[PDB]
Protein chains: 4
Amino acid sequence: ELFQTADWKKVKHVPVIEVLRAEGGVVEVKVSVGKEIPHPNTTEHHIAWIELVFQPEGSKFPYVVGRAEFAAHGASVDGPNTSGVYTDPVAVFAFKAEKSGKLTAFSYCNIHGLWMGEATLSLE
Amino acid sequence: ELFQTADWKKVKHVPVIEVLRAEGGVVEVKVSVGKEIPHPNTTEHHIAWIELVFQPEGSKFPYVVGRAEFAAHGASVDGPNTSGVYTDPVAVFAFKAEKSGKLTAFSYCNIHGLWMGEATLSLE
Amino acid sequence: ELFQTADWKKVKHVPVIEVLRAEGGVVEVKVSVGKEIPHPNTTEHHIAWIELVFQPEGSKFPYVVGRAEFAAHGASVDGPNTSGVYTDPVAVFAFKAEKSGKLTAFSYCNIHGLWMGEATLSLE
Amino acid sequence: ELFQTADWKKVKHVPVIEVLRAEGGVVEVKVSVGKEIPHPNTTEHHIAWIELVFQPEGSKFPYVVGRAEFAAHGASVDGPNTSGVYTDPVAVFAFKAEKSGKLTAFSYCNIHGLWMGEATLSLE
Ligand SMILES: [Fe+3]
Ligand SMILES: [Fe+3]
Ligand SMILES: [Fe+3]
Ligand SMILES: [Fe+3]
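Residues numbered from 1 in each chain as written, not as in the entry; some residues may be left out. Chains lettered and ligands numbered in written order. Heavy atoms only, no water.

Participant: When you look at the overall build of chain A in this model, what are you seeing that I'm missing?
Facilitator: Looking only at helices and strands, chain A features one helix and eight strands. Listed by position from the N terminus, the elements making up chain A come as α-β-β-β-β-β-β-β-β. Its C-alpha atoms put chain A at 50 × 45 × 25 Å along the principal axes. Of the contacts made within chain A by residues no fewer than 6 positions apart, 57% connect residues no fewer than 24 positions apart. Surface accessibility of chain A: about 5,900 Å² in total, with carbon and sulfur atoms responsible for 54%. (Helix = DSSP H or I, 4+ residues; strand = E, 2+ residues; numbered from the N terminus. Contact = heavy atoms within 4.5 Å. Areas by Shrake-Rupley, 256 points an atom, 1.4 Å probe, with all protein chains shown as cover.)

Participant: Hey, could you run me through the coordination of the iron ion (ligand 3) in this one?
Facilitator: Ideal values for angles at a metal depend on the geometry: 109.5 degrees with four tetrahedral donors, 90 or 180 degrees with six octahedral donors. All names here are of chain C. Of the protein atoms, only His 13 (NE2), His 39 (NE2), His 45 (NE2), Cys 109 (SG) and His 112 (ND1) coordinate the iron ion (ligand 3), at distances of 2.0 to 2.4 Å. One chain supplies every donor to the iron ion (ligand 3), and in sequence these donors are spaced H-x25-H-x5-H-x63-C-x2-H. Residue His 45 is located in the loop between β2 (26–33) and β3 (47–56), and its partner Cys 109 is located in strand β7 (residues 101–109); the two are separated by 64 residues in the primary sequence. (Donors = N, O, S within 2.8 Å, 3.2 Å for Na, K, Ca; no water.)

Participant: Honestly, the interface of chain C and chain D in this entry has me stumped. Any pointers?
Facilitator: It is common to give the size of an interface as the accessible area that goes away when the parts come together. Taken together, the 30 residues of chain C in the interface contact 29 residues of chain D. Both sides of the chain C and chain D interface together cover about 2,300 Å² of buried area, and 56% of this is carbon and sulfur. For chain C, the biggest contributors to the area lost against chain D are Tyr 63, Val 85 and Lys 96 of chain C; these three give 22% of the whole. Counting across the chain C and chain D interface gives three salt bridges. With a shortest N-O distance of 3.3 Å, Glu 69 of chain C and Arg 67 of chain D are connected by a salt bridge. Taken together, the residues of the side of chain C that touches chain D break down into 19 nonpolar, six polar and five charged. (Buried area = accessible area lost by both parts, 1.4 Å probe. Salt bridge = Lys/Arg side-chain N within 4 Å of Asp/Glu carboxyl O. Nonpolar A, V, L, I, M, F, W, Y, C, P; charged D, E, K, R; others polar.)

Participant: What am I meant to see in the coordination of the iron ion (ligand 2) here?
Facilitator: Residues and elements named next belong to chain B. Protein ligation of the iron ion (ligand 2) involves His 13 (NE2), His 39 (NE2), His 45 (NE2), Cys 109 (SG) and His 112 (ND1), the donor distances falling in the range 2.0 to 2.5 Å. If you list the donors of the iron ion (ligand 2) from N- to C-terminus, the spacing comes out as H-x25-H-x5-H-x63-C-x2-H. Owing to a relative accessible area of 0%, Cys 109 belongs among the buried residues under this scheme. Judged by its relative accessible area of 10%, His 112 falls in the buried class. (Buried < 20%, exposed > 50% of the residue type's maximum accessible area, 1.4 Å probe, protein only.)

Participant: I tried to follow the relation of the copies chain C and chain D on my own but got confused; where do I start?
Facilitator: One copy of the chain maps onto the other through a rotation about an axis followed by a shift along the same axis. Here chain C sits on chain D after a turn of 179° about the axis and a move of 0.5 Å along it, with an RMSD of 1.1 Å. Here the copies are linked by what is in effect a two-fold axis. Closest approach to the rotation axis among the C-alpha atoms of chain C is made by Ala 68 of chain C, whose C-alpha sits 2.2 Å away. A share of 97% of interface residues in chain C that are also interface residues in chain D marks the association as one of identical surfaces. (Least-squares fit on C-alpha atoms.)

Participant: Help me understand the relation of the copies chain B and chain A in this model?
Facilitator: With an RMSD of 1.1 Å, the operation that places chain B on chain A is a rotation of 179° combined with a shift of 0.5 Å along the axis. The fraction of interface residues of chain B whose copies in chain A are also interface residues reaches 100%, indicating that both copies meet through the same surface.

Participant: How should the interface of chain B and chain A be read in this particular structure?
Facilitator: Contact with chain B, which involves 29 residues of that partner, is made by 30 residues of chain A. Taking both sides of the interface into account, the surface hidden between chain B and chain A amounts to around 2,300 Å²; carbon and sulfur atoms contribute 56%. Linking chain B to chain A there are 12 residue pairs in polar contact. Looking at the side of chain B that touches chain A, the elements that each hand over two or more residues are β3 (47–56), β4 (63–70), β5 (85–87) and β6 (90–96) of chain B. Of the residues forming the side of chain B that touches chain A, the biggest block, eight residues, is contributed by β4 of chain B. Split into classes, the residues belonging to the side of chain B that touches chain A amount to 19 nonpolar, five polar and five charged. (Polar contact = N/O pair within 3.5 Å; in protein donor to acceptor, adjacent residues only side chain to side chain.)

Participant: It is not clear to me how the pattern of salt bridges should be interpreted in this structure. Could you clarify?
Facilitator: If the charged atoms of two oppositely charged side chains come close together, the side chains can form a pair. For the structure on display, the rule yields 30 salt bridges over all chains. Ionic contacts of the salt-bridge type, sharing partners, join the residues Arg 67 and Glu 69 of chain A, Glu 51, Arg 67 and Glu 69 of chain B, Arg 67 and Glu 69 of chain C together with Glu 51, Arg 67 and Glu 69 of chain D into one network.

Participant: Which parts of the structure should I look at to understand the nonpolar core?
Facilitator: With 33 residues, the main nonpolar core has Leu 52 and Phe 95 of chain B as its most contacted residues. If you list the elements that add at least two residues to this core, you get β2 (26–33), β3, β4, β6, β7 (101–109) and β8 (113–121) of chain B together with β3 of chain C. For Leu 52 of chain B, the contacting residues outside a window of four places in its chain are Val 29, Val 31, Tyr 63, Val 64, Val 65, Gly 66, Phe 93, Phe 95, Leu 103, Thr 104 and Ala 105 of chain B. (Core = buried A, V, L, I, M, F, W, Y, C linked by side-chain atoms within 4.5 Å.)

Participant: Explain the sheet that holds strand β8 (residues 114–121) of chain A here, please?
Facilitator: Two pairing modes exist for strands in a sheet, parallel and antiparallel, and in both the strands are linked by backbone hydrogen bonds. Strand order in the open sheet formed by eight strands is β8(A)-β7(A)-β3(A)-β4(A)-β4(B)-β3(B)-β7(B)-β8(B), and the pairing between neighbours is antiparallel. Two strands in the sheet have a free side with no partner beyond their single neighbour: β8 of chain A together with β8 of chain B. The average angle at which neighbouring strand axes cross in this sheet is 15°, direction not considered. With six bridges connecting them, strand β3 (residues 47–56) of chain A and strand β4 (residues 63–70) of chain A associate as antiparallel partners. Counterpart to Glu 51 of chain A in the pairing with β4 of chain A is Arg 67 of chain A. (Pairing = 2+ DSSP bridges. Axes fitted to C-alpha atoms, helices over the stretch in contact; angles between N-to-C directions.)

Listed below in structure tokens is the structure:
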């Protein structure tokens, strides 16, 4: 087939990793799930967390940078989707670094399993 | 006594809340520890996490918005402070809201205990 | 009033802390929310986590021992309460210790706010 | 080569899964790291957490059962390894199930990377 495509079902779930700042080992990395191309956030269906791993070149092992839980999905004493409060599955991880390396991010849908994305961090 | 003062040690640790955006429900809140006075980030001594709580006016109960773990503090197989990777204790909680309310932030130093901060969310 | 009572609404939410073993600084502490006196675990209503703090005598500061998220509340692609999988809001924290002290536990209902319980750990 | 061997370093780190009870849906799973060969728990080097994933047969997706953070590693204001408080890397996930399935556990050393373990849940 000449026409290439992509499953929307997958795209709305991948943790998209975007480096924002990396001047002089001062790094700010944003991860979101469905940035402008959105995944539902209901009491029954939501992204629960995102986790970010970084492995600097010449490091035998990878390091977890941090983890971000998105705790609120509209539940209240009046029923599901009534609180008004919904946490958005975007996180910014700010960290120091002395070398370039690989970034890997993980996310979780409460009904659609575990997901992963990768990206490169080169020190500009 | 008579001569009031301010503990520098206390401000080094307080989670500071900074609303960045509240227009039209779309809220973004920055929390950070050590903003004005730098808090150590060494394998020995560092800020472990920040949790954001929000209670909209009208609601009898508060909701956790989310939690952010800051996991790297320079430990490698080479020893303490040798990995050159340190997660900065600062998070951005993005979330949808439909009423104004109260923001409480908590935070933890691995040697200096638990910490609390407060702020008002004016959904103007 | 001669007759004393207690709100059931509160009891089903308090983190009950029970020391199981403490021989020689080898400590095992169990925390549950509504042990035989149960709190609902539905996709809309559930206990999200329990956290355990310990402060040993003669320690200026308290230490978080650990935290236990209960991630599964029956949600699946077929709707709420269909997965068959529900995590029980009980956790065991095993840890070492050299002195007696105070235990404090925290729990979270997703629609009924934050809760706390206290207990003493003496080293037998 | 020709002479197969087993890495002692690898077993020190593997999360080991142990079903304790599965009768009638009521499951309890112990996960631990360093069961047979002790893994260091020092401020410098220690196991940060364990996460349990479960995928019942029939279900297209896995569910996180829960996560357990092990937060204390002896750090005090007096320095490294001086608090005399260390969280043992071992958790008990209790949960209700209605079908047999697959158990995957993950775990993290602050200097020796991420780790994975597997086991079958026979809801006999
Ligand atoms: Fe999904
Ligand atoms: Fe401190
Ligand atoms: Fe409740
Ligand atoms: Fe290790």
